[PDB]
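Structure first, then comments.
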Amino acid sequence: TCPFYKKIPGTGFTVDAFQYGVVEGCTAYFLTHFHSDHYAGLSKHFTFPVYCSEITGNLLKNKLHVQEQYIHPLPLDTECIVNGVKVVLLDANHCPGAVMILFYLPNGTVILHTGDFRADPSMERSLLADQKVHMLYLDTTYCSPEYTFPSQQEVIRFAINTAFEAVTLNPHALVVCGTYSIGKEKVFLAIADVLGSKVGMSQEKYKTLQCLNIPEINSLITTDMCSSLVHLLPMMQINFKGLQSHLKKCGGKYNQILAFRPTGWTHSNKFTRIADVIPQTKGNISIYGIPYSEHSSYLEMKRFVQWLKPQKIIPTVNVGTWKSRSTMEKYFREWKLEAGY
Ligand code: NI
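Under the authors' numbering, residues 700 to 1040 are what the sequence shown spells out, in order.
Written as structure tokens, this is what we have:
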């Protein structure tokens, strides 16, 4: 059955709760973003109302084939009414179309659900600042002090300079970026822009990108692999064997590959800075690991929560074991004692 952390008290609303069949009492199902864990169970066979951003609605319509009658897209930063209750969708700074939801309950309680988010100080000057938030449903993916990572902009700068140098040294080098879902598009778009190229990709991936309301998108991406010097492949193919194999397929138009694997955190965040990063190399193929994160680091998460000062925190990630929950509760109490709420 639907866990309590996916239910919004004193409404018949749920959030990211599509895998439990019909939820008893639920009149509106919210979807924060189009990542398979959160949408799990949604298909063309679903027949209840789904509330979401416009981008998330495009994806539901075109990729999952959910019938149009059940998709209720809402604009961002706008007070809207859903089944008699005031809501606001906010940018979550996660992947394209990802939202946080602010719920103003009839009794006067205010609840923020973050979805998946990368906390940022620009969130301290949104509609959130206008009133007290009593309960927070929090993306706790990286809720432990070891999880540090650079800014998105540091990582992009590094990727840009690396790619430009390599293709100026060898104009027959191909650049490859690994991918498995939406998110982290700035990586391949910024590399292509510095090389004066479109991004080449499969038909299914192009169809996904064509849903995301990216300005001038038709000038940036193509299905003609031949005509482009940046290619997207599945993350699973970003290894020496998969990359040599792809290079054979391109028809000797290229004689070298430089590849990037955007990952989350991995244990080499604890020593290295982004400027020290060096690739793994085998012959004419080099693979760079770059920690481009779309989740809050420990410090960004802590800052956001200490500003917000919620009366109760409800974790939404790593809640499956008591050890994890216990560990998280310890950090929440520390934050509260330091900040005086
Ligand atoms: Ni996500």
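In this text, a Cβ means the ideal position worked out from N, Cα and C, and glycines have one as well.
Contact between the region 739-753 and the region 720-729 is present: three or more C-beta pairs spanning the two stretches fall below 8 angstroms.
Note: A872 is bridge-paired with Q955 in the DSSP secondary-structure output.
Rounded to the nearest angstrom, the Cβ distance from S927 to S896 is 5 angstroms, consistent with a contact under 8 angstroms. For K940, the uninterrupted alpha helix (DSSP H) run begins and ends at 939-948, by DSSP. Per the coordinates, the alpha-carbon of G988 lies some 18 angstroms from the alpha-carbon of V866. Assigned with DSSP and collapsed to three states, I859 falls in helix. Scanning its chain for C-beta atoms nearer than 6 angstroms, with the 5 sequence neighbours on each side dropped, one finds around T840 the residues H994, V1016, in chain order.
Excluding five sequence positions before and after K1008, the CB atoms of its chain that fall closer than 6 angstroms to its own CB belong to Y1040, given in chain order. When the Cα atoms are used, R960 and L788 turn out to be separated by approximately 31 angstroms.
Under the DSSP assignment, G756 falls in the alpha helix (DSSP H) whose first and last residues are 753-758. For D838, the closest C-alpha among the options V832, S825, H771, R817 is that of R817.
According to the DSSP assignment, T980 belongs to the beta strand (DSSP E) that extends over 979-981. Burial check for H793: the Cβ neighbour count within 10 Å reaches 16 or more, so the residue is buried. The Cβ atoms of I707 and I810 lie closer than 9 angstroms to each other. Around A891, the same chain offers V898, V929 as residues with beta carbons nearer than 6 angstroms, after the five sequence neighbours per side are excluded. Membership of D790 in any alpha helix (DSSP H) is not indicated; the residue belongs instead to the beta strand (DSSP E) covering 784-790. Taking 9 angstroms as the cut-off, the Cβ atoms of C910 and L758 count as close. Closest option to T1026, judged by alpha-carbon separation, among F802, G783, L998, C842: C842. Contact between the region 823-830 and the region 852-866 is absent: fewer than 3 CB-CB pairs across the two stretches fall below 8 angstroms.
Not one heavy atom of the ligand NI is found less than 8 angstroms from the C-beta of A865. Of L1036, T1020, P990, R1024, the smallest CA-CA separation from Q1010 is found for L1036. Under the rule that a run must span 3 or more residues, the beta strand (DSSP E) segments found entirely inside the region 874-937 read 929-933. By the Cβ neighbour-count rule, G796 is buried, with 16 or more other Cβ atoms within 10 Å of its own. About 5 angstroms separates the beta carbon of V874 from that of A862, a gap short enough to meet the 8 angstroms contact definition.
With respect to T878, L931 sits close: the two C-beta atoms are nearer than 9 angstroms.
Rounded to the nearest whole angstrom, the C-alpha separation of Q955 and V714 is 46 angstroms. Using a 10 angstroms sphere on the CB of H812, the tally of other CB atoms reaches 16 or more, which defines it as buried. Note that the C-beta distance between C701 and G711 is not below 9 angstroms. The set of residues with any CB-heavy atom separation to the ligand NI below 5 angstroms comprises, in chain order, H734, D815.
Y846 is a Cβ neighbour of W964, given a cutoff of 9 angstroms.
One alpha carbon belongs to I780, the other to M822, and they sit about 22 angstroms apart.
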